[PDB]
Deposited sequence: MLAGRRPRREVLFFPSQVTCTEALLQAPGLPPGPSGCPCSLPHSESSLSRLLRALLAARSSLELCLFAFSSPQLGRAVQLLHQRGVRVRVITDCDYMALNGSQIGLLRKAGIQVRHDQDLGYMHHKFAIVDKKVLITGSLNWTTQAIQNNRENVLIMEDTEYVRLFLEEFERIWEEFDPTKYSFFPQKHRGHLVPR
């Protein structure tokens, strides 16, 4: 019953235009699933809340997904290692998504996301196009109440530590 998946990267290059509600498919890419499309779908399943705790976040596809969730009324909170001050984090911040951050020293090295306080997405993968398309990486997607509890506790500790006020 409970979701337990693992995605291995590098991801196959596939079309995500419909998934990401592209404005305006006739493209040449495969229209089938990949590790990236599976990750996107896990995130886009969010109806209530998304916590993101990511060392690095520059993927425009993943940025678009998070944008759409914010536009849908999902409560999005993001922690990254760098403040990123046309970056994705810059665009998320401009859209009104709360982003808190570390010293850009390497210290905040988690790569996880929590969807609706019920699904934990966690791996070796930094959310960058370079890593997604080129690196050997893993991302776990788990509906596990204890892991979600413990990761949400960690998230909230880091969230409060980085409160700009």
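- Of the deposited sequence, the ranges 1-5, 30-36, 98-100, 181-196 have no C-alpha coordinates according to the record.
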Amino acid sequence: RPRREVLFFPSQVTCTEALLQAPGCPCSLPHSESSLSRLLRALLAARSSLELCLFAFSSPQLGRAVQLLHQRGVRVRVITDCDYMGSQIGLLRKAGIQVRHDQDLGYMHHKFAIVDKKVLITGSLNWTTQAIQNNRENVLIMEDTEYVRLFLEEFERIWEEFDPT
From here on, numbers count along this sequence of modelled residues.
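- Averaged over their C-alpha atoms, the temperature factors of 136-144 and 99-107 are higher for 99-107.
- Comparing 52-60 with 31-39, the stretch with the higher mean C-alpha B-factor in the PDB entry is 31-39.
- Sort the modelled residues of the chain by CA B factor and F162 lands in the highest third.
- The PDB entry assigns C82 a C-alpha temperature factor belonging to the highest third of its chain's modelled residues.
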